[PDB]
J.: 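Got a structure for you, questions after.
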Amino acid sequence: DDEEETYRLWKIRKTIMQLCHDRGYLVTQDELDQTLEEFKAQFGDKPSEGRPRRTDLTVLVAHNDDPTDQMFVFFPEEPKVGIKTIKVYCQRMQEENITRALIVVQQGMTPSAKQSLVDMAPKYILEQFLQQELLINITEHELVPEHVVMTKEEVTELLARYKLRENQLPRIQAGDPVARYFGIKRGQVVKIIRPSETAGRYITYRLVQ
DNA sequence: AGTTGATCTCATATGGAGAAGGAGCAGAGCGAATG
């Protein structure tokens with residue numbers, strides 16, 4: 001029971017570190033490859049005993065390109081997170097001056113909390129993940145090809161090369177599992193590199209909608 | 001400027017699949033009123 005919850009927490013942490021590394025936040029190799037017994041050593045083996053508390057699991061990371069661009073990962077203790085908890089995180093983000101955070105929720109989020117993530121979105125970007133959808137890194141699955149988020153300059157070069165408008169690219173939904181993983185917003189473009197049985201390799205581009 | 005006549009026209013008699021709307025209803029959370 002605690003042997004199950006500690007395994008879940010470890011897997012979720014591993015996936016979150018992989019996600020942060022793929023978003024380009026500075027993540028050490030040691031924490032990226034931390035084993036289950038090392039997790040038990042650092043945080044504990046009886047989360048029902050409060051060892052760890054899920055408040056202990058919180059992560060803070062900084063971007064490789066700018067040490068002031070920082071992101072939290074929060075693991076709320078309550079199963080169904082309400083607006084009180086979002087307000088607590090908003091306060092903590094305001095005082096630490098952190099604009100991005102991921103909120104990992106065990107069972108869900110209340111309608112009011114969902115709307116509160118929308119209504120603060122320009123200044124503080126809060127994202128919801130279920131813990132279930134973090135128990136496996138979907139980008140390691142064999143059906144999912146390599147996704148690379150493009151820079152604005154690279155999109156301008158793309159559109160200038162093929163002489164096309166953004167609306168002529170094929171789309172990806174902002175709610176797509178992989179778009180959510182990379183955290184890409186409307187109007188960004190993701191380069192996709194996939195093998196092909198007739199050319200050898202093929203690149204395609206999707207505009208987020 | 002005045003006169004004729006066809007002709008029209010009224011009126012008389014006796015399977016299934018997906019999508020969309022509504023009601024039920026649970027329950028979040030806001031604000032007033034305590035106690």
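Lettering follows sequence order; numbering is per chain, from 1.
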J.: What is the glycosidic conformation of B:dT4: syn, defined as within 90° of 0, or anti?
T.: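 What B:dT4 shows is an anti base, its glycosidic angle lying more than 90° from 0.
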
J.: Without decimals, in angstroms, what is the distance between A:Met109 CE and B:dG29 P?
T.: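 After rounding, the gap between these two atoms is 11 Å.
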
J.: Could you state the atom-to-atom distance from CD1 of A:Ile83 to P of B:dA28 in whole Å?
T.: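 Going from CD1 in A:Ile83 over to P in B:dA28 covers 13 Å.
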
J.: Between P on B:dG31 and NZ on A:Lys84, what's the gap in Å once rounded to a whole number?
T.: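 It works out to 14 Å between those atoms.
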
J.: Could you walk me through whether A:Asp45 and A:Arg51 pass side chain to side chain contact (heavy atoms under 4.5 Å, CB included), step by step?
T.: CA-CA 6 Å; A:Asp45 58 347; A:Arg51 293 180 181 177; 5.6 Å; no

J.: For residues A:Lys40 and A:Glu3, determine if any side-chain heavy atom of one lies less than 4.5 Å from a side-chain heavy atom of the other.
T.: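 In contact.
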
J.: When you check the sign of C1'-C2'-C3'-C4' for B:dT12, do you get north or south?
T.: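 Of the two classes, B:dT12 takes south, because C1'-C2'-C3'-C4' is negative.
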
J.: Rounded off to whole Å, could you give me the CD-to-P distance for the A:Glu78 and B:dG27 pair?
T.: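 So the CD-P distance, A:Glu78 to B:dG27, works out to 17 Å.
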
J.: Will you find, in the side chains of A:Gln106 and A:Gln132, an N or O donor that is under 3.5 Å from an N or O acceptor?
T.: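 No, no side-chain donor-acceptor pair sits under 3.5 Å.
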
J.: State the syn/anti category of B:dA32 according to its glycosidic angle, syn meaning within 90° of 0.
T.: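 Chi for B:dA32 falls in the anti range.
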
J.: Across the strands shown, which category fits A:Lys114 at heavy-atom distances under 4.0 angstrom: base, sugar-phosphate, nothing?
T.: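 If one applies the 4.0 Å heavy-atom cut-off, A:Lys114 turns out to touch nothing in the nucleic acid.
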
J.: As an exercise, state the distance from OG1 of A:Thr110 to NZ of A:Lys80, rounded to the nearest 0.5 Å.
T.: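 Rounded to the nearest 0.5 Å, the OG1-NZ separation comes to 8.0 Å.
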
J.: Please tell me if A:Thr110 has a side-chain N or O lying less than 4.0 Å from either OP1 or OP2 of B:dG29.
T.: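 So the side-chain polar atoms of A:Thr110 do come within 4.0 Å of the phosphate oxygens OP1 or OP2 of B:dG29, strictly under.
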
J.: Under 4.0 Å: is that the gap between some side-chain N or O of A:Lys80 and OP1 or OP2 of B:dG27?
T.: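 It does not, given that no N or O in the side chain of A:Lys80 lies less than 4.0 Å from OP1 or OP2 of B:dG27.
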
